[PDB]
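Visitor: coords please:
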Amino acid sequence: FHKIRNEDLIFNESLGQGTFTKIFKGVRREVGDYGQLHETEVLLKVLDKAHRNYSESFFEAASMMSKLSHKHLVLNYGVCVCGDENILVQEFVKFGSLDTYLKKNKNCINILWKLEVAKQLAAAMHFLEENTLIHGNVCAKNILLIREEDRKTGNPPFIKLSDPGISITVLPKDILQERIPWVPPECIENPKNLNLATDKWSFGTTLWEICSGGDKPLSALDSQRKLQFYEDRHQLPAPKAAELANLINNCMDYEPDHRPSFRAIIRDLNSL
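Guide: Numbering: from 1, shown residues only. See the structure here:
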């Protein structure tokens, strides 16, 4: 990871939180190509100081993302570990994360938009699967909208997958249970069961989000009832716009070995 100096970073408005992190919009002063000086908008993810003991996992999450380069993976600029801070510096995306965008724009997102976005996420996950690299936290809140759809120029939306944050293999069990149904049943039973098949299940959950205008599946269920949802082997209800329901359910297969490859997922999406 490239080391960025505290002095070159300006923190601006808070944008929200992640697990044990706070997230800000910021500006990075830098020397760019040809020696030109730039003030670049950046996303600043700050590990809580009370949770400094997660620093290794916090950065490992991003470092994995930066081992491979791909048009659908978020760009990490570097880290700032000056002083007592643990800061991840990433590209800033004007349109924010997908979960918010779906909620705010649900009255003007149709099936073709959802299919295009599903296809791009499937392509990103296929890239990871071919590199045998586990993401571990696929969800709409970890997808960024680079570009809106522009029908007038035929331009589709364009998304990127961001890093998974601190791994489920080190998080407390109550947080894992609160993350049902993105966390797959086998990882609730044993978080060290994290595997490539994990991301197929979470991909299904994320498709359900995309088809549900940003609703959170099972949000009405407390942690105890989410656990019992897995014990009783329930599936999610079909979204009202049900075009992707069968794919969602096929990805959310309680048997990890039966979940379809991302190449088969892509072939399925292209059939619609």
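Visitor: May I have the residues that are in contact with residue 113?
Guide: For residue 113, the contact set (C-beta atoms under 8 Å, 6 or more residues apart in numbering) comprises 149, 156-157. Backbone N, C-alpha and C define where each C-beta goes, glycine included.
Visitor: switch to 6 Å and redo it
Guide: Counting by C-beta atoms under 6 Å, 6 or more residues apart in numbering, residue 113 touches residue 149.
Visitor: same deal with the one 5 residues further on?
Guide: Contacts here follow C-beta under 6 Å, 6+ apart; on that basis residue 118 touches 207, 269.
Visitor: After the host helix or strand of it, heading C-terminal, what element do we hit next?
Guide: Element membership for residue 118, per DSSP states H and E: helix 111-130. Downstream of helix 111-130, the first helix or strand assigned by DSSP H and E is strand 143-147.
Visitor: Would you mind identifying the next helix or strand past that following strand?
Guide: Next in sequence after strand 143-147, counting helices and strands by DSSP H and E, comes strand 158-161.
Visitor: Figure out how far that next one is from the centre of its chain.
Guide: On the basis of C-alpha atoms, centre = their mean, to the nearest Å, strand 158-161 sits 9 Å off its chain's mean C-alpha point.
Visitor: For the remainder of this discussion, apply numbering that starts at 8.
Guide: Shifting the count to begin at 8 puts that one at strand 165-168.
Visitor: which helices and strands does that strand pack with?
Guide: helix 118-137, strand 150-154 (3 or more C-beta pairs under 6 Å, 6 or more residues apart in numbering; DSSP states H and E).
Visitor: repeat that for 10 Å
Guide: helix 105-111, helix 118-137, strand 150-154 (3 or more C-beta pairs under 10 Å, 6 or more residues apart in numbering; DSSP states H and E).
Visitor: List the buried residues of the first one.
Guide: Of the residues in helix 105-111, those buried under the neighbour-count criterion (16 or more other C-beta atoms under 10 Å) are 105-109.
Visitor: in this protein, which spans are helices?
Guide: 62-74, 105-111, 118-137, 180-185, 192-196, 203-218, 230-238, 252-258, 269-278 (DSSP state H).
Visitor: and those helices as TSV, adding distance to residue 151?
Guide: Putting these into TSV (distance: least, C-beta to C-beta, whole Å) gives the following:
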stretch	distance to residue 151
helix 62-74	12
helix 105-111	7
helix 118-137	11
helix 180-185	22
helix 192-196	24
helix 203-218	13
helix 230-238	27
helix 252-258	21
helix 269-278	20
